[PDB]
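Chemist:
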Amino acid sequence: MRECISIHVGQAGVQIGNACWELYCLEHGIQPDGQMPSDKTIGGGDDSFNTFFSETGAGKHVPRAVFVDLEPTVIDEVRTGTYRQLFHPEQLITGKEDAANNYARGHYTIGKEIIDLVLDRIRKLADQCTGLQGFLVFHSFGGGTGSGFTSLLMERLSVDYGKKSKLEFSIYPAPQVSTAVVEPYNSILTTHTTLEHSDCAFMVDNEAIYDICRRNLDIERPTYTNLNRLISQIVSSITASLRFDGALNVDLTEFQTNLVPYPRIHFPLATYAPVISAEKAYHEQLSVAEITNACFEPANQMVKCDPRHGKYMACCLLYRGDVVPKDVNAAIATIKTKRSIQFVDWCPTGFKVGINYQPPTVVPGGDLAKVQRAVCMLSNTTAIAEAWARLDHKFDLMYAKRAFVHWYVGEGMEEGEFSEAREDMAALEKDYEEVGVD
Amino acid sequence: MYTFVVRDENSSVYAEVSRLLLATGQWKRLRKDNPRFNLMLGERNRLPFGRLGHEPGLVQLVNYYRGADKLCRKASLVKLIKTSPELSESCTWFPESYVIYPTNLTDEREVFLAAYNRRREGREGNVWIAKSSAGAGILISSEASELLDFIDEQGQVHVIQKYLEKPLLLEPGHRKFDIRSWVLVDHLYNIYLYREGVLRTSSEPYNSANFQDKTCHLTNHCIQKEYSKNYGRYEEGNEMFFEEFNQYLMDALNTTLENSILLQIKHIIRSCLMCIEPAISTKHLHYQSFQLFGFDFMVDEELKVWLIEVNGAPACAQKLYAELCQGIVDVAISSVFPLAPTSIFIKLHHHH
Amino acid sequence: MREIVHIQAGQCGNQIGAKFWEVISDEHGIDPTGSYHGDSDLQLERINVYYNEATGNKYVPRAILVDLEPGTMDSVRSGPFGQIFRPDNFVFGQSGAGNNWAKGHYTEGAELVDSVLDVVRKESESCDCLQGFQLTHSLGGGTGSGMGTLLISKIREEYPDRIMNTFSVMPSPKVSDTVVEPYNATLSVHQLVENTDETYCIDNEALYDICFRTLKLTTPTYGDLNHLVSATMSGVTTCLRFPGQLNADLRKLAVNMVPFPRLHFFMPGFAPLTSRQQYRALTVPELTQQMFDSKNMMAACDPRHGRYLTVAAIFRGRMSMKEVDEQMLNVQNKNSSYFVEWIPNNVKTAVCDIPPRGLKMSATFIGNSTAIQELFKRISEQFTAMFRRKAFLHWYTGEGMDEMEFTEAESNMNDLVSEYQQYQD
Amino acid sequence: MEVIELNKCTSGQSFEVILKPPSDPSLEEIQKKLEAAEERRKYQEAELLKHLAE
Ligand SMILES: Nc1nc2c(ncn2[C@@H]2O[C@H](COP(=O)(O)OP(=O)(O)OP(=O)(O)O)[C@@H](O)[C@H]2O)c(=O)[nH]1
Ligand SMILES: Nc1ncnc2c1ncn2[C@@H]1O[C@H](COP(=O)(O)OP(=O)(O)CP(=O)(O)O)[C@@H](O)[C@H]1O
Ligand SMILES: Nc1nc2c(ncn2[C@@H]2O[C@H](COP(=O)(O)OP(=O)(O)O)[C@@H](O)[C@H]2O)c(=O)[nH]1
Ligand SMILES: [Ca+2]
Ligand SMILES: [Ca+2]
Ligand SMILES: [Ca+2]
Ligand SMILES: [Mg+2]
Ligand SMILES: [Mg+2]
Ligand SMILES: [Mg+2]
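Set out below in structure tokens:
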């Protein structure tokens, strides 16, 4: 067994982190007080679920997680929430004033004064690990902490834990649920500095989660709770292999080996199905072919884009529930003859399939309905470069006039770091085009 | 009040559509870089499809289908026909074609020579035509040596296809011609064929014993108006419309335009567009597409119709701009953005 | 615990500040004696932003009252909520400022400023984490204008990294006390350009026209004008006083509203504005149409004469947030020519469930528009009509000022106008 | 359409299907960047105080 430490930075990371650990507990049968009746080894053990949970002598299963936010209001919810008993105070770190949606404020001004404290709290979790795999970092692009402090943390993690893998779950900025105009700046500043430190990043566009909530869940105006419960279902689908017995993506290294042949291009597109409304009278349960075929619909992609006009570099199919390999192959064959699936010539045309017999767990009273089988597809398509294009365009619109740049320079950042980060993105978009287009 | 942007100032078609939209008093043109638009009349090359459909509360529509270039590129069209089972290599309505890359750069050189050597030995007509998308640059010859050497002197991909040595000639004049069909595909992938086509005729007698002078062999409107001395002699601007052409087919061949030619044209249009529908359809996409196409056909003396190419940014006959452009507003724009007949199109039903 | 320190200076500043604390105190359930008597936990959630908690569960406003004469502040202390203010927070002189910027800034004001800063320091020392300051004052007088801008300069010296926010009443010849108001306003605007992060420009002419034409008040008084400022100040501070996510604090608001440091002067707006047909329900479309209508704005500038750099809208009441988004997007998508296209998504919308007293729902408008240059052009023209003849200057040179300082304020404000002009194109 | 590396356990199974074959900054440098930005902030605040002293 090898442990995984989760790190939640900023409001988005903390609130999403809260939703995942709630789900993790319901999936592993852990109660809000930390007790786990099914764990027969009291006070220890190296089971698959121990990669995410340590154990005390009293039988409490404590998440291997750190929560960081430069303002205490979001993390206080964790301290007084349903699962307040899971964590101990050392795990929750909060400052007194936030980064004001200012990357430079989170990275430099405030980051410099708190970085050593966060590293100390993480070192404590690492010292409980007999074979640490690496870290899972949850954060937003648009927030000043989620963007500015995360990039600082990732730089130091590579220095303090050189041989450890680092995965990201990043929230792509969407105006429908955003109120910060400078988020394109922060997203591109943090992508530039984090790119060389992240082995694999799963971007979630809030626009996509927002429309899935309104379309499939019939929520006219979704809230962060609605968005986060859906996100944690996808996150859970991706991390299940680390928390359950299996042979596919059993450690963080396999995520890079299976999804990222080229290092800079490490942003796999996530696609999830089915998402059914709990308020529905009662839904017709979809087959393996129907949910598989759904993985190639732009409607259930975590980032809206057209994979038909890119090239695949890898493709994982993560099933949960009543799924047997025979039905997966049959559905896959049928989809090839109908769908546009072009792989890069220097990669095999195939699919790695993982099946977990336990169907998706749904939060009681939540919005999602219980389904008999679900799938999450992880595909590395050049089509996700549309996301960078959209973002880089907005960046160029404001930066041409230097609008808002004074806020960043006032925090000790040099203006030249703007163009430096933008040129890195320009090269990133060029890499995608070289791999995808003829 | 619907909003639209104009990103192709050279489009005579959508210059008229933009003129008609504003005349309605319910459409407002924005600066070409304003993202808060309902409709984009986009540029021809590198149209940023990836930035469409991300404006909260705006149904966004564009006048180009992403991926339709596979059909509207010389080499692409050949590759699409030979590799798509819906069209097959034995496709009976497309001339035997081959993709030839100049030797200074897969490539079908040997496959072409094989088919070429077969015709030469079997006493069959062995006249081929070399062309590319980078032309105003065409060569017609019966010797494979001249065709291959002509492409090596260039630096772009070319296509060699069989030259129709037995074209249907109009009389009087003994002259060649081609048929232009305008097809509009709306956001729902309905295939509408404009009831009005045009025959771009050659005003020079067809001469099968001299492919060096390409004035009587190429029916391009620009070539006839620059290098032909009988331009406008038989019809105005070397453009015969369906009413006249149909009356000709009845007086000379005792048939009609619908039976002898139009059925094949409608069949070819369906086959091409239905082939790529799964790849370009915007049915479940965050934005919507429509596109006007210009199909070019050849007719031989057996009244068999052959497909020459498909134009993704076609122009229209001066006489038909008003009607067609209005039709584009009715079926392609107002259908998504309604305002506060006897359709001029022919719907080609099909299975989606 | 993101505390804000409030300061009200001069006649206008204290009369508007008083009404402001009267309005929000009602919204938070604080009675004139500081005792809470509300029925919702949302009232106390963010109460410490503007109120200190004393013994016996008393809430004392975090306000400092400043003036160079006792008169106005005596009316406050004897006013409705006068007893709610901390007695030690009354700092006043006896000389007065005679509507003279130089007296408030250089002579009379200088003698009293240190004692005011002793109270400010006292309030700041007890803040867990001080956001910044908000000042209410006029620019046409002497105390709020001259000494107000003096206090801002000395507060920035001692708290250089805290946000400085002002509500600034701009003079108008239609609602004028003395002919020297353009002098005092031009001198103050240069101080604000340098030392404030956010300034809500409130033109007394706009307040008058709204009272006369829209509200149908035959003879507007200062009290009528202050009702509009009350409701407006309560609207623009809702984001700070109740649970919310957008523009939740002063620095985050500045970061989203000020793309260039000197262009931080906002046009506020309010809706509804009904005359006494007052019981009719107001739909979300109506709320939005009016909120963006120039007649509902208090800068006396035509928005269609310029372009919006950024916009912040706050909707209050139990209403369809879905329907709010639709109408907001409709306004932008129907007039996108008045929004600069080089700041994507520069129109942000925030909702709040608690409506103002006596209204089912309302909407407050905060625009950073280049049209605000019209306001500074009016002041500049009025300034120059007198300065070219050196009229009334002896009131100022008698206090130690030189003409050069007037010529510099003149050029400084013309620069500002030119800065707004280059972004309007 | 080949299936390879089939692995089965009580809680699931995994396999691979092939349709077609193919054809940092040191801790020292981080502190410098952080201190350089802190120095530029100090310089800017000093000029602000200097301006206010005048
Ligand atoms: N999906 C999701 N997105 C969120 C959530 N909270 C914030 N966001 C998004 O994150 C972006 C803003 O960044 P935040 O995480 O709130 O800011 P921060 O990391 O706390 O940094 P500060 O500037 O110090 O507040 C916006 O685009 C929000 O839409 C959340 O709970 N779920
Ligand atoms: N295989 C073939 N057999 C006979 N004629 C041919 C031919 N291919 C092309 N032509 C002649 O060439 C002319 C147009 O060639 P082509 O369409 O390839 O060039 P082009 O694309 O620049 C003109 P357009 O785009 O307007 O149709 C036609 O009028 C036709 O007569
Ligand atoms: N809106 C409003 N404006 C006022 C009020 N009192 C004075 N003014 C304006 O403020 C300016 C006079 O400044 P004033 O505050 O009286 O001088 P000060 O006491 O020295 O600061 C003039 O332009 C007046 O129109 C008031 O109660 N409400
Ligand atoms: Ca155990
Ligand atoms: Ca590393
Ligand atoms: Ca004295
Ligand atoms: Mg935050
Ligand atoms: Mg062509
Ligand atoms: Mg007065």
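Protein chains in written order, with the numbering used here: chain X, 17 to 454; chain Y, 4 to 355; chain G, 33 to 457; chain S, -17 to 36.
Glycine included, each C-beta is placed from N, C-alpha and C at the ideal position.
1) Which residues share a DSSP beta bridge with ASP303 (chain Y)?
2) Using CA atoms only, rank isn't needed, just tell me which of X:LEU333, X:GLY452 and X:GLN358 is closest to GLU(-2) (chain S).
3) Need the endpoints of the beta strand (DSSP E) that residue 1 (chain Y) sits in, please.
4) Just how far apart, CA to CA, sit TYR177 (chain X) and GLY122 (chain X)?
5) At a Cβ cut of 9 angstroms, what residues of the stretch 58 to 76 of chain Y count as close to chain X, listed as they run along the chain?
6) Rounding to the nearest angstrom, what Cα-Cα distance links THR168 (chain G) and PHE199 (chain G) in this structure?
7) On the CB-based measure, 16 or more other CB atoms within 10 Å of its CB, does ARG47 (chain Y) come out buried or exposed?
8) One question on the structure: do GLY200 (chain Y) and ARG183 (chain Y) come within less than 7 angstroms of each other, judged by their Cβ atoms?
9) Given that a residue counts as buried once 16 or more other Cβ atoms are within 10 Å of its Cβ, and exposed if not, what is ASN262 (chain Y)?
10) In its own chain, which residues sit with a C-beta less than 6 angstroms from the C-beta of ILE(-14) (chain S), not counting the 5 before and 5 after it?
11) Who's in the neighbourhood of ligand 4, going by beta-carbon under 5 angstroms from any heavy atom, listed in chain order?
12) Taking 8 angstroms as the limit between beta carbons, can you name the residues of its chain near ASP72 (chain Y), skipping five residues before and five after?
13) Answer with yes or no whether the minimum CB distance from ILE39 (chain G) to chain X is below 7 angstroms.
14) Going residue by residue through the stretch 45 to 100 of chain G, where are the continuous alpha helix (DSSP H) segments of at least 4 residues, counting only ones entirely within it?
15) Among G:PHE298, G:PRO203 and G:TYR215, which has the Cα closest to the Cα of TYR254 (chain G)?
16) Reducing DSSP to helix, strand and coil, say where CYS159 (chain G) ends up.
17) For the stretch 174 to 188 of chain X, which residues have a beta carbon sitting closer than 9 angstroms to at least one beta carbon of chain Y?
18) If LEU23 (chain Y) and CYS275 (chain Y) are in contact, beta carbons under 8 angstroms, what's the gap, nearest whole angstrom?
19) Does the stretch 168 to 176 of chain Y come within contact of the stretch 297 to 304 of chain Y, defined as at least 3 CB pairs closer than 8 angstroms?
20) Jot down the residue ranges of each uninterrupted beta strand (DSSP E) in the stretch 138 to 162 of chain Y, minimum 3 residues, whole runs only, in chain order.
21) Along the chain, where does the alpha helix (DSSP H) that runs through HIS426 (chain G) open and close?
22) Taking all protein chains shown into account, do 16 or more other C-beta atoms lie within 10 angstroms of the C-beta of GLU237 (chain G), making it buried, or fewer, making it exposed?
23) Per DSSP, which one or two residues make a beta bridge with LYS182 (chain X)?
24) Between the stretch -8 to 14 of chain S and chain X, which residues of the former have CB atoms less than 8 angstroms from a CB of the latter, in chain order?
25) What are the start and end residues of the beta strand (DSSP E) that includes residue 471 (chain X)?
26) Report the rounded CA-to-CA distance for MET170 (chain X) versus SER214 (chain X), giving the unit in angstroms.
27) Distance cutoff 7 angstroms, beta carbons only. Does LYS320 (chain X) sit that close to anything in chain Y?
28) Going by C-alpha to C-alpha distance, which of G:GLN163, G:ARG245, G:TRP133 and G:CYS271 sits closest to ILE346 (chain G)?
29) Could you check what DSSP says for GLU171 (chain X) in three-state terms: helix, strand or coil?
30) How is the alpha helix (DSSP H) around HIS409 (chain X) delimited, first residue to last?
31) Between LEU34 (chain S) and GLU189 (chain G), is the Cβ-Cβ spacing less than 7 angstroms?
32) Can you name the residues that DSSP bridges to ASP235 (chain G)?
33) Quick one: what's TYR5 (chain Y) bridged to in DSSP?
34) Should the stretch 283 to 300 of chain X be called in touch with the stretch 360 to 367 of chain X, which here means at least 3 C-beta pairs below 8 angstroms?
35) Return the CA-CA distance between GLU124 (chain Y) and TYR251 (chain Y), expressed in angstroms with no decimal places.
36) Are the C-beta of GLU450 (chain X) and some C-beta of chain Y separated by less than 7 angstroms?
Modeler: According to the data block:
1) Y:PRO170
2) X:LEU333
3) In the structure displayed, chain Y extends from 4 to 355; residue 1 (chain Y) sits before or after that span and is not available.
4) 22 angstroms
5) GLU58, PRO59, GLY60, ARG69 and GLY70
6) 5 angstroms
7) exposed
8) yes
9) exposed
10) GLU(-2)
11) X:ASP55, X:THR57 and X:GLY61
12) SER79 and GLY315
13) no
14) 74 to 77
15) G:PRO203
16) coil
17) none
18) About 28 angstroms separates the two Cβ atoms, so there is no contact after all.
19) yes
20) 142 to 144
21) 426 to 429
22) buried
23) X:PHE151
24) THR(-8), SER(-7), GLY(-6), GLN(-5), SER(-4), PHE(-3), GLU(-2), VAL(-1), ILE0, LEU1, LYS2, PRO3, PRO4, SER5, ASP6, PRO7, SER8, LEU9 and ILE12
25) Nothing can be reported for residue 471 (chain X), as the shown portion of chain X is limited to 17 through 454.
26) 8 angstroms
27) yes
28) G:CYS271
29) helix
30) 401 to 415
31) yes
32) G:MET202
33) Y:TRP30
34) no
35) 39 angstroms
36) no
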